[PDB]
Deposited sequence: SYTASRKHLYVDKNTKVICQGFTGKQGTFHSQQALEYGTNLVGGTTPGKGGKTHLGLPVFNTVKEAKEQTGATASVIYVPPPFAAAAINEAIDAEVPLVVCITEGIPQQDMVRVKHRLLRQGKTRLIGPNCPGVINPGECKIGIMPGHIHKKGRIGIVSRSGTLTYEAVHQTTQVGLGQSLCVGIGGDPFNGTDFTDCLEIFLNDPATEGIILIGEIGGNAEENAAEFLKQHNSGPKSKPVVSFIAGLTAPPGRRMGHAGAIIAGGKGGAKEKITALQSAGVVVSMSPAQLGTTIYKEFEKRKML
């Protein structure tokens, strides 16, 4: 099943990354940041530019070409929206274990078709689209998140929001806890990784002792995450889970209603999640939860 690919979410220093849209404006900037941060970026792809050199790395025409030459196991996509979906497909065809699509603005219909095939295979794991990426602090950085605010630690962070994730990261470093793995699942309705996918990895990662879940109003992703924690996290090896839901003060067809922050907060709490009402207290809340449980 597609859940078999969940494992590929936990990148490490040995992950060899290629950049789809390498010579593009975005790809260049974030590829430099990836190299300076120490990520094993081993090349990229741009149609019609195979053979040239970019940032001291080889450029290829196709993803499969880049994979057999560099043995890449992860791919990051910055292709514009009109062709980003096809870029995900190119990576799945090449059986790239991990694909991270940063691009924002992909038509929902395109991702519905992409996810249709994605769920029928278990070799490739997609993160995104419209997400900041995934980062193993100090070992691997695949995305647009600022690296300097991270520090390898003990808190696994999963966030449905973009830049808001960085607040939870910066705070967990200032309190001295750091982060084991941070995953931004993106803000699009049809994506390759949801909350439960990341929570599964966190609950089975020894390095991850605490968990921070960043959410916001809309949909039922936070509700589903709550149900997942209620059954799998309630137990002796229960790990503390903290969360913040953005849009508490935000103001408010019929098909969507047929098949709301307050409901999210109450649902997460029922599963044992400690919900910080302030976006600036994610680090202090998880820190004191570690203190309550004598985990420091």
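- Judged by missing C-alpha atoms, the gaps in the deposited chain sequence fall at residues 253 to 256, 264 to 268, listed in sequence order.
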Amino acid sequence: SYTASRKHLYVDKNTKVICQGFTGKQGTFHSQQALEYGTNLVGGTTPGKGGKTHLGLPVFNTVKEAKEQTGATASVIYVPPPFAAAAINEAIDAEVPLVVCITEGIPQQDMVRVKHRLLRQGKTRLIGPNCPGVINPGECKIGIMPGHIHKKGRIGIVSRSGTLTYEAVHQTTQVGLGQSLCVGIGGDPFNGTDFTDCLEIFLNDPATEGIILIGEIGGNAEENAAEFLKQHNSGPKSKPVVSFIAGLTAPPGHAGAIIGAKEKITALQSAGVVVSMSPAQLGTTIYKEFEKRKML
From here on, numbers count along this sequence of modelled residues.
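Rigid core: the largest C-alpha set superposing within 1.5 Å between the two forms.
- Remark: when the other structures in 9 other deposited structures of this protein are fitted onto this one via the rigid core, 215 to 223 deviates more than the alternative among 145 to 153 and 215 to 223, judged by RMS CA distance.
- Comparing the two stretches 98 to 106 and 162 to 170 by root mean square C-alpha distance in 9 other deposited structures of this protein, with all structures fitted on the core, the more displaced one is 162 to 170.
- Checked against the record, the higher mean CA B factor of 201 to 209 and 73 to 81 lies with 201 to 209.
- Across the two stretches, 109 to 117 and 220 to 228, the PDB entry reports the greater mean Cα temperature factor for 220 to 228.
- The PDB entry assigns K16 a C-alpha temperature factor belonging to the lowest third of its chain's modelled residues.
- The deposited CA B-factor of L9 belongs to the lowest third of values across its chain.
- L177: CA B factor lies in the highest third for its chain, per the PDB record.
- Among all modelled residues in its chain, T28 ranks in the highest third by Cα B-factor.
- Split the chain's modelled residues into thirds by C-alpha temperature factor. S161 is in the middle one.
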